[PDB]
A.B. asks: 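Just dropping this structure here.
The residues of the chain are indexed from 1 along the displayed sequence. We count ligands from 1, going down the list as the structure has it; atoms in each ligand are counted the same way.
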Amino acid sequence: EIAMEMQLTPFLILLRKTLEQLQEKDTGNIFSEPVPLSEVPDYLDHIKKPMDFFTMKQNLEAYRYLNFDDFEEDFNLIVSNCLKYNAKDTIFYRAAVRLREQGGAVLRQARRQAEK
Ligand SMILES: CCN(C(=O)c1ccccc1OC)c1cc2c(cc1N1CCNC[C@H]1C)n(C)c(=O)n2C
């Protein structure tokens with residue numbers, strides 16, 4: 001399977017499935033819409049690039065993820081943003097740790113498929 005020959009549609013089908021699997025791990029509904037700046041007024045004082053699963057879905061369908069690195073980078077922002085903004089004694093921090101853990105095998109297996 002050679003990179004210049006790779007078709008977009010199959011790759012996007014793979015990313016759609018992978019994103020569904022990742023988002024399903026958000027059983028607390030913490031990561032599935034943007035952190036609202038109106039309700040968390042200091043959020044952008046700390047976080048340079050917010051990310052969430054709905055924004056990832058929009059990016060996917062707008063053809064913004066054309067390799068696995070860029071996709072995984074945004075999933076990793078969901079986690080890292082949360083670990084920075086929230087203290088390690090909070091439920092939200094631990095929820096990000098759990099999301100990273102559960103996302104791990106999903107992403108590794110998905111990348112292996114993307115590399116054929
Ligand atoms: C701003 C929403 N939020 C809350 O914790 C919250 C605040 C006020 C009133 C109700 C609320 O939720 C019930 C929130 C903050 C987050 C946050 C997520 C949320 N909410 C929790 C409720 N579901 C939506 C989600 C965006 N993440 C990932 C963060 O890093 N921070 C700081």
A.B. asks: Under the 3.5 angstrom rule, does the side chain of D26 hit a backbone N or O of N29 as a donor-acceptor pair?
C.D. replies: yes
A.B. asks: May I ask you to say whether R16 pairs ionically with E61, meaning some side-chain N is under 4.0 Å from a carboxylate O?
C.D. replies: yes
A.B. asks: Any salt bridge linking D74 with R64? Criterion: basic side-chain nitrogen under 4.0 Å from a carboxylate oxygen.
C.D. replies: no
A.B. asks: Run the side-chain contact (heavy atoms from CB on, under 4.5 Å) test against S80 and tell me which residues pass, sequence neighbours left out.
C.D. replies: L77
A.B. asks: Distances only, to 0.1 Å: what are the N or O pairs between ligand 1 and the protein that fall under 3.5 Å?
C.D. replies:
{"unit_1": "ligand 1", "atom_1": "23 (N)", "unit_2": "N29", "atom_2": "O", "d": "3.0"}
{"unit_1": "ligand 1", "atom_1": "30 (O)", "unit_2": "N86", "atom_2": "ND2", "d": "3.0"}

A.B. asks: Who are the side-chain contact (heavy atoms from CB on, under 4.5 Å) partners of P36, not counting sequence neighbours?
C.D. replies: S38, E39
A.B. asks: So which pairs with a foot in residues 19-56 pass ring pair (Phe, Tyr, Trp, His ring centres under 6.0 Å), sequence neighbours left out?
C.D. replies: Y43-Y85, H46-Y85
